[PDB]
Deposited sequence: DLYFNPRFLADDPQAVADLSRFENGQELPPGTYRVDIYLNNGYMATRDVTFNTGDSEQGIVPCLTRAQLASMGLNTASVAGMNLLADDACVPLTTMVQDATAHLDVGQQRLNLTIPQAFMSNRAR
């Protein structure tokens, strides 16, 4: 079992976590394409990483998500953190801590790709 002496300044880190809850300036990628660089709050949550990003319905929509295709998304508040991985089947979110890059993936069935 790993140990970190608090006097140097922690259970999460001792358990393999890389980054604690907080707001971080990250590069946001969607389906492996660069989208933006801005602050994103990461809260404690069910994830191998221990933290999950907080992005709103409007933020996701502006990047390509078709909110009308997501069941129950209309019930969310404007400022609610979208539970992406559960609300959008097989959508994923992973933060590459070293690069401070938030990689988001959303299935095509939920993207605004209708013939225009």
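*asked:* Checking coverage: what stretches of the deposited chain sequence are missing C-alpha positions?
replied: No coordinates exist for the deposited residues in 10 to 18, so this stretch alone is absent from the model.
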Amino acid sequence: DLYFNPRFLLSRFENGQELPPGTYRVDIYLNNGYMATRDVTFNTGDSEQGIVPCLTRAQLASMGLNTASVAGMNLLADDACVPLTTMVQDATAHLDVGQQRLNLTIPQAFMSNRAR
From here on, numbers count along this sequence of modelled residues.
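*Segment of higher mean CA temperature factor, 14 to 22 or 91 to 99*: It is 14 to 22.
*Entry-level comparison of average CA B-factors, 37 to 45 and 68 to 76, reporting the higher stretch*: Averaged over C-alpha atoms, the B-factors run higher in 68 to 76.
*State the tercile, meaning the lowest, middle or highest third, of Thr56 with respect to the CA B-factors recorded for its chain.*
It belongs to the lowest third of the chain when residues are ordered by C-alpha B-factor.
*Could you tell me which third, lowest, middle or highest, the C-alpha B-factor of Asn32 occupies within its chain?*
CA B-factor rank for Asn32: middle third.
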